[PDB]
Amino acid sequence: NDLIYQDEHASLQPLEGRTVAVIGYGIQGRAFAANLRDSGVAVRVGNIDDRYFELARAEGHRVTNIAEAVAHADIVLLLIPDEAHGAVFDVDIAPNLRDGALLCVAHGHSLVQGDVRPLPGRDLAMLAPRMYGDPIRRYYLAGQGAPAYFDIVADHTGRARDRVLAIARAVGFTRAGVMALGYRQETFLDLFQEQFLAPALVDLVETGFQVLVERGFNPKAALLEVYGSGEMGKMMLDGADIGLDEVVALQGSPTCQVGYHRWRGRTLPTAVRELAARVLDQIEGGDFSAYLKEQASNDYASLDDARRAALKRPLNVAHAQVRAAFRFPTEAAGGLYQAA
C-alpha cells in the first residue's frame, strides 16, 4: 500500500540550525537552491569553475568548490549529471561529509551503478522530483509544487526520513505528494519515460506533420495542429488533472469526440508495445548504462552532434517559420530565481 507525504506529514523543524549544500546549480540545483532560500533554510552552493558558478553568485548565493560546500553542510544535495557522481563522490563528497550528515541524489542511477554508496556514520537517500526546474520554481512561487519519489537507502542517525521530507517540504514537493519508491524502480521508470515515451510522443507529432506535408497541406498549419498551436500540449497538461479521455469528453465538439472515439485504442500496432519492452530490457540489463558512459567520456560531443542535427529536421525548420510569424503566450522569466 503506497506511502504518500503531503504538507500535513512533514515540517521544517528538522532543518533548524542546519546548512544545506546544493552541489551543482543546473536545472534542479538552481530550483532547489532558490526554493530552500525562500523557505528560510540556510543554503550554500558548491560548483566547479564554469558558467553555473557565476550564475549562482549573480543570484546572491554563497558559492565555493564542491569540497568546501560539503565540509560546511549538514545536508548535501548532489544535483550534477549522473555519470559525474562517481568521481565527485570519491574525491570531493565522501572525504568531507560530516558525521550525522545526509547525502541526497535526485535519481537512482548512480546508486544502482554503485558510484554513490552508504558511508559509516552518515545518511544516504533519494528525493527524485517528477518535473524539471522552471515548473518546480513557478509552482513554488504560486504556493504549489510537483510530485517526488523518495527512498531512505541508509539511515545511521535514525533521522534521515524527517530530514528528506523537510527538504521535500521546503522545495514544495509535499504540496503535490512525496511517495516512497525504491531507487532501483525510480531509475528504470525515469529512463523509460526519457527513452521510450518522450521520443515516441515527438516521433508521432513528427509523423502527423510529415504525412500532412507529403499530402500537400500548408506546412505552417500542419505544424500548428500537431503541437505548434499549443492545443495538443494543453490536452496533455489538462489531461494530467481530469484525465485524457475526459479532456476530449469535456472540451471536444461532438464532431471531434466521434472522430477521436473511432480510432481511440486502435492507432498503434503491437510492435510499439514490443519496442517499449526492448527499451526496458536495455535499461535493466546494463546496456544503456554502458552506452551512457561511452557517450559521456568526451564531454558529451556525440550529444552536441545530435542536438545540432535535430534542429535541421523538417519539423524544427517549420517550427522556426511558425514561431517567427505567430506570437505564443509566454510568462516573463527574469529574476524568477532571485530571492522572493
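Definition used throughout: the rigid core is the maximal C-alpha set that superposes within 1.5 Å between two forms. Don't overthink the numbering: it's just position in the shown sequence, from 1.
Enquirer: When the core is superposed, where do the C-alphas shift more in 6 other deposited structures of this protein: in 291-299 or in 42-50?
Expert: Farther on average in 6 other deposited structures of this protein: 291-299.
Enquirer: Rigid core superposed, root mean square over structures and residues, which stretch has C-alphas farther from this form in 6 other deposited structures of this protein, 99-107 or 210-218?
Expert: This comes out as 210-218, the stretch further from the shown form in 6 other deposited structures of this protein.
Enquirer: Tell me which of 24-32 and 285-293 has the higher mean C-alpha B-factor in the deposited entry.
Expert: Per the deposited B-factors, the answer is 285-293.
Enquirer: Mean C-alpha B factor from the entry: is it higher for 241-249 or for 87-95?
Expert: Per the deposited B-factors, the answer is 87-95.
Enquirer: Maximum C-alpha temperature factor per the entry, among 147, 228, 216, 108, belongs to which one?
Expert: It is 216.
Enquirer: Of the options 178, 232, 71, 198, which has the highest CA B factor as deposited?
Expert: In the PDB entry, the greatest C-alpha B-factor among 178, 232, 71, 198 is found at 71.
Enquirer: When the deposited Cα B-factors of this chain's modelled residues are ordered and cut into thirds, is residue 128 in the lowest, the middle or the highest one?
Expert: Its C-alpha B-factor, which the entry lists for residue 128, ranks in the lowest third among residues of this chain.
Enquirer: Lowest, middle or highest third: where is residue 82 by C-alpha B factor in its chain?
Expert: CA B-factor rank for residue 82: middle third.
Enquirer: Of the three thirds of its chain by CA temperature factor, lowest, middle or highest, which one includes residue 153?
Expert: Top third by C-alpha B-factor.
Enquirer: Lowest, middle or highest third: where is residue 116 by C-alpha B factor in its chain?
Expert: Tercile = highest for this residue's CA B-factor.
Enquirer: Grab the CA temperature factor for residue 275 from the record and place it in the lowest, middle or highest third of its chain.
Expert: Tercile = middle for this residue's CA B-factor.
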